[PDB]
Amino acid sequence: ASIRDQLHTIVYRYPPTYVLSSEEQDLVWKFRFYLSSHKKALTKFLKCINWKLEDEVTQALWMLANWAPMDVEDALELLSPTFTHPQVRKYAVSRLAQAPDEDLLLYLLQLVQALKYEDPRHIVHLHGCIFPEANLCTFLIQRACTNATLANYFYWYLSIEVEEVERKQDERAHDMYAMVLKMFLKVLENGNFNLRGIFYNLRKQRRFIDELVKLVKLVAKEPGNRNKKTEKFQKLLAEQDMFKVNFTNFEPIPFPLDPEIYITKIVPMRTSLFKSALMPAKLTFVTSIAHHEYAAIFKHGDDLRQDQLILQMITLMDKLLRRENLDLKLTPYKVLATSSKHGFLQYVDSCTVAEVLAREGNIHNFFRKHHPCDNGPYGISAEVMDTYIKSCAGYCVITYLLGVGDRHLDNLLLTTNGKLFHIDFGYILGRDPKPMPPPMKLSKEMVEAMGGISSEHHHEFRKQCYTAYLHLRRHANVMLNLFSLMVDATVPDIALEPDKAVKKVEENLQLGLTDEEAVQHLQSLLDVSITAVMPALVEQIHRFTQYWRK
Amino acid sequence: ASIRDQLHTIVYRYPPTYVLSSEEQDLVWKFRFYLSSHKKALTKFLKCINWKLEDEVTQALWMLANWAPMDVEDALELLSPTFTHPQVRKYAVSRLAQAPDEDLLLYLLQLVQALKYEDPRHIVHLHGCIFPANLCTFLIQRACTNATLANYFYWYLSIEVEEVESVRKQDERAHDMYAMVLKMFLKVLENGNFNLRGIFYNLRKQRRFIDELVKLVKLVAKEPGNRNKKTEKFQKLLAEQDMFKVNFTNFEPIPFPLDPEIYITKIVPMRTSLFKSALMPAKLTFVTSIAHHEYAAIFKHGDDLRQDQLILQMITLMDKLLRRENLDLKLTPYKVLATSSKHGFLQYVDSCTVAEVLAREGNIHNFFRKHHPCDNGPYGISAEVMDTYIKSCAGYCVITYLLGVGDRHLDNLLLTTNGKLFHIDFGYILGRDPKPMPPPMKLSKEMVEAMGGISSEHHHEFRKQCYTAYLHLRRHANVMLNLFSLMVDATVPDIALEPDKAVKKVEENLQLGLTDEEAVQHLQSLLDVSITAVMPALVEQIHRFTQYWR
Ligand SMILES: Oc1cccc(-c2nc(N3CCOCC3)c3oc4ncccc4c3n2)c1
Ligand SMILES: Oc1cccc(-c2nc(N3CCOCC3)c3oc4ncccc4c3n2)c1
């Protein structure tokens, strides 16, 4: 009662999923009802009661109903499969309903998956309701209709989900999605003006995509030099009237990738093509207002669902940091897959580090080209350097938590500002083609760019990682919930060892460690990675190795 | 404000010897007058005042007398030469007098050192008193009070009094002073009463015995052969009665110089071995006065152990602090004394040197296993032994590290059957090394393997232990620093090269600046490079990491 209070608070604050204390769940039970007061306790409380099969349920329902209001994130656990019960899911949905729309968007990528979880009966009921002779799905529709950008992402997520059938229960989940998608569209058609308007916009978007897909297929079909493929791409765009849509100009359409931006046309002349063998295209665009141009990318080869989830994760983590009042200048570009084997990727001006290095031997020469200050730490303006150290820190930390693999100098990008970002996300959760990842992913060039291990800045960088680590850990709970829901995603790296995937993210979190311990541990990974990269730190270890041999 | 004290709590509690305090002196001044919070505060207050005014001294003196009484260790700082004042030295001695003999003997090696610093006019005056200030009178008086103290005091003086006759400048001047002190002490004992005369007779015997022992060692070295033939000769000489002014096979009992508490009779000639080391020390057994419990010691003819005794004093003290703390690592801090230089004894703790252990069983585990086997125990080894070894290991790297002992190799570490490990033979201190190199931390692959590789409850446990050990020693810094200050003119070789740097060097290794969290991080880092360079697998892992990037 007196000191055990503290053991409760540590249990409520700390774990996202627990084996422990099933007898102590009964102990939570004893002090539960009285210490109903605070929300996170509620979710843990809901966990134990259900375990005892029958009368517990009725007693817990009242308990829940009276309980201090469950936070939005805790709700993400309830849509998840682990809780089956029908009423609790309703309450979890009530909780989402309380959340504003932006939160809804990120969560939404997860909630679409989250549909896979019951009840099938609900969907069939609604289907029969649209034509004759959970609460959640209906909720998603209603709110999906309420906001147009929201409607767009919803739609696209559904179309990818339905697209193909191939191992056994994937077919049944698919069948469920198709009906939900069809309902959604039918409600738009039955709709008051704004819905009808959003719908026509979706058909507009649909049409546009397929006509561009046909164009791309035609560009791929011709054998080619790299250059002739870009030229053919360019001429094809300019040939208005050999496609149902004419690409040099058409009706203002809201961009699928970024719905709040309308586009009229592409500019053929400006379109350039990317070096990677599966060849991504950059198209310049024209927008409804002040003829602003949008640059985006269209990739025809493979599945962006992975790339996009990882960006959702980054986007989320940046938002959390800034909410913790930390901004490391991460660049989380939007990514959408239209369908498997094609999507758009927001383009942000960048030079691939390898290209920076090819173009200029040193990274600093590069920055000094764009921003010079005479007293500035190195030829550069102080702010550019500072922002570069910051970007690195966030990115190593996230890469670490995400076990992003395959990183190399073509993968890291640099801007004139100094933000550093990562580009390609084929390898996730420790997957790597190479045999042994470094724990942390660092380039000799990047480290020399911080002024080396023996540098003032380099220290600031290290400092930043640690703190980023500590903060990200605090909001462990959201990320884990999202990943729990992303088990059946169809991201390849999740698909190989799905059950295990979430544990892998949590292992990077080292949530078991107290904070001093965590920092030390991360200190370790930096040390090894950095010694590995540096030519002199290795030479030194060698001389130390020598020592004992005589 | 209220913070005034907070800036002050940091000044009184944190630095052991500061150049730093400059302006601070005046603010301390304003506040000391109403409150003398602590014993520790007095050392701090004292630093600023004495030279500057003849009058200042009078105001400070009344402050000091009514001031809360200083802790003994802090007094050592006072005797250190910097404070010139006749009145403060008297104060320091008054504090020492209150301190119990055992603490007093521990420190004494330094006090013998302190004499040079205390003003000579006082010593000549005391001399005048006998044949035809306070500290010297105090050492002689207390020395007479306790026999062991007398014995240690005598030996320390003899070594310093015994001349090189290759004296330059003030060393020429100091010898006469030490010689005078010894002469005075010897005259007080002869003159003194029943008990003092008793001490004098015992010392006469100790002196007579050594010279006779030494004649024998010189005869043995002169004789030609490999180690075994020389040992055979040594054995014969002991047993030859009355070839010497003493009969080694039996004698009148003499208080052992290494432990005054136990007399010996006879050596046992056959029970004597010789060591692998360069100027092979004998071991002897002895008999002793009771139930013939043997004792053994070493006797080393080759070099001056003044330095070895200082290092062991350090370890003896540190162990004491930790046991005080209730952190007990199974440290072995064997008694050395020097004799008058180029002889000494060392207490013998029965141990096998690691190199020996590696040759006799394949590796350390095999060896503990042979002496202490428990099927269920960690490595089939009784739990206790592993634990004593983890701890012995931690205690030693940390202590070795603070003291910058160098030139460690397999001949240099040893084990016990209980598990403990220790070091030995420290010719190199404060980072003198024959090799151009660190490791910053001295570990052997063999020992890491002994802990069952990098991940083990045990290795991790070893690491855990080092940090706790590091923090406690950090806490008790002042005492160590004060003893080194007193050893500036020590005539210990490692100290000599730059006498001033020596105090700075331990202070620096000590790492006092950093917050504990940073101190632990700092220590963790050193262990990590030391361990990677010592494990072959770790180096391969780093190569894989360097190659990731190419
Ligand atoms: O195959 C893929 C999958 C995912 C991303 C890309 C991609 N994105 C890029 N972005 C450019 C800068 O703005 C943000 C996005 C990108 O820039 C490049 N520059 C050179 C080579 C390849 C790429 C490249 N590949 C390529
Ligand atoms: O040059 C020095 C200085 C100080 C100590 C030694 C030394 N001590 C030793 N002790 C034996 C075990 O109990 C503790 C004492 C010692 O044992 C050895 N066994 C083999 C070679 C050298 C030594 C060796 N050297 C050698």
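No Cβ is skipped: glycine too gets one built from the backbone with ideal geometry, and neighbour counts run over all protein chains shown. Just so you know, all these numbers are worked out from the coordinates, no wet-lab data involved.
Highest mean first, the peptides B:349-355, B:520-526 sorted by other C-beta atoms within 10 Å per residue fall in the order B:520-526, B:349-355. Positive-end ranking of A:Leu61, A:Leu485, A:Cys373 along the dipole of chain A, with charges on Cβ about the Cα centre, is headed by A:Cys373. Relative to one another, the C-alpha centroids of region A:466-490 and region B:321-389 are positioned 48 Å apart.
Each peptide in B:407-417, A:364-374 receives the mean, over its residues, of other Cβ atoms within 10 Å, and ordering these scores from highest gives B:407-417, A:364-374. For region B:133-285, the square roots of the Cα gyration tensor eigenvalues, ordered a ≥ b ≥ c, give a/c of at least 1.5 with a/b no greater than b/c, which places it in the oblate category.
For B:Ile254, the residues whose modelled amide H falls within less than 5 Å of its own, excluding neighbours fewer than 5 places apart on the same chain, are B:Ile264. Placing +1 on the Cβ of every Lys and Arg and -1 on the Cβ of every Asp and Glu, with nothing else charged, gives region B:194-350 a dipole about its Cα centre of roughly 400 debye. Placing one identical point scatterer on every Cα of region B:194-350 and ignoring solvent, what is log10 I(q)/I(0) from the Debye formula at q = 0.13, 0.17, 0.20 Å⁻¹? Reported log10 I(q)/I(0), two decimals: -0.66, -1.06, -1.36.
Our coupling estimate for region A:278-295, obtained by passing each phi through the Karplus curve with A = 6.51, B = -1.76, C = 1.60 and θ = phi - 60°, is 4, 9, x, 10, 9, 10, 7, 10, 10, 10, 4, 10, 6, 6, 3, 9, 10, 9 Hz, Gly and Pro reported as x.
Rounded to 0.05, the FRET efficiency of the A:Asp55 and A:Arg167 pair, given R0 = 35 Å and the Cβ-Cβ distance, is 0.30. With the convex hull of the Cα atoms taken as the outline of region B:351-550, the averaged projected area works out to 13.3 nm². Charged side chains reduced to their Cβ positions (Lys and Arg at +1, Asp and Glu at -1) give region A:396-550 a dipole of some 360 debye around its Cα centre.
Is the C-alpha gyration tensor of region A:52-160 telling us rounded, prolate or oblate? Criteria: a/c under 1.5 is rounded; beyond that, a/b larger than b/c is prolate, otherwise oblate. Oblate, because a/c is 1.5 or more while a/b does not exceed b/c. Per-residue Karplus couplings for region A:311-318, computed as 6.51 cos²θ - 1.76 cosθ + 1.60 with θ equal to phi - 60°, are listed in order as 6, 3, 4, 4, 4, 4, 5, 4 Hz, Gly and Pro entered as x. Computed over Cα pairs, the Kirkwood radius of region B:474-550 leads via Stokes-Einstein (0.692 mPa s, 37 °C) to a diffusion coefficient of 212 µm² per second. Averaged over peptide A:537-547, the number of partner chain Cβ atoms lying within 10 Å of each residue's Cβ comes to 6. Direction-averaged projected area, Cα convex hull, region B:303-454: 9.5 nm², rounded to one decimal.
Give me the dipole magnitude in Debye, nearest 20, for the protein assembly as shown about the Cα centre, with unit charges on the beta carbon: positive for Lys and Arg, negative for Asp and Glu. List each step's numbers first, then the result.
Details: 131 positive and 131 negative charges, 243 e Å.
Dipole magnitude for the protein assembly as shown comes out near 1160 debye.
Taking θ as phi - 60° and the Karplus parameters 6.51, -1.76 and 1.60, the scalar couplings of region B:248-261 work out to 4, 5, 9, 8, 4, x, 10, x, 4, x, 7, 10, x, 5 Hz in sequence order, x denoting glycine and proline.
When A:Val57, B:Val246 are ordered from fewest to most other Cβ atoms inside 10 Å of their Cβ, what list results? If you can, show how the numbers build up before the last one.
Details: A:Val57 14, B:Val246 21.
Result, fewest neighbours first: A:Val57, B:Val246.
Does chain A come out rounded, prolate or oblate, given a ≥ b ≥ c as the square roots of the eigenvalues of its C-alpha gyration tensor, rounded meaning a/c under 1.5 and, failing that, prolate meaning a/b above b/c? In terms of gyration-tensor shape, oblate.
Would you kindly calculate the mean projected area, averaged across all directions, of the convex hull enclosing the Cα atoms of region B:176-262, in square nanometres?
Details: hull surface 31.1 nm².
In nm², the orientation-averaged hull projection of region B:176-262 is 7.8.
Computed over the alpha-carbon pairs of region A:208-253, the distance histogram in 10 Å steps reads 28, 53, 17, 2 percent, short to long. Projected label points at B:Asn191 and B:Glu212, each 7 Å from Cα along the beta carbon direction, are separated by 3.1 nanometres.
When only alpha carbons are used to place a centre, region B:43-114 and region B:209-243 end up 49 Å from one another. Sites listed here are trypsin sites (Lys or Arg not before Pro) in region A:199-304 whose DSSP assignment is loop and whose Cβ has at most 16 other Cβ atoms within 10 Å: A:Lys244, A:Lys275.
Calculated mean residue ellipticity at 222 nm for the protein assembly as shown: -18500 deg cm²/dmol, from DSSP H runs with n ≥ 4 weighted as -39500 (n - 2.57), summed, divided by the residue count and rounded to 500. Within the straight-line cut-off of under 15 Å between alpha carbons, the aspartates and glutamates reachable from B:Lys215 are B:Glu223, B:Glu240, B:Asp242, sequence neighbours fewer than 8 places apart in one chain being disregarded. Any idea which of A:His521, A:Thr352, A:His475 is furthest toward the positive side of the dipole for region A:350-550, if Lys and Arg beta-carbons carry +1 and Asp and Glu beta-carbons -1? Looking along the dipole axis, the top candidate is A:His521. Shown here: the protein assembly as shown, whose C-alpha atoms stretch 130, 69, 68 Å along the first, second and third principal axes, sorted largest to smallest.
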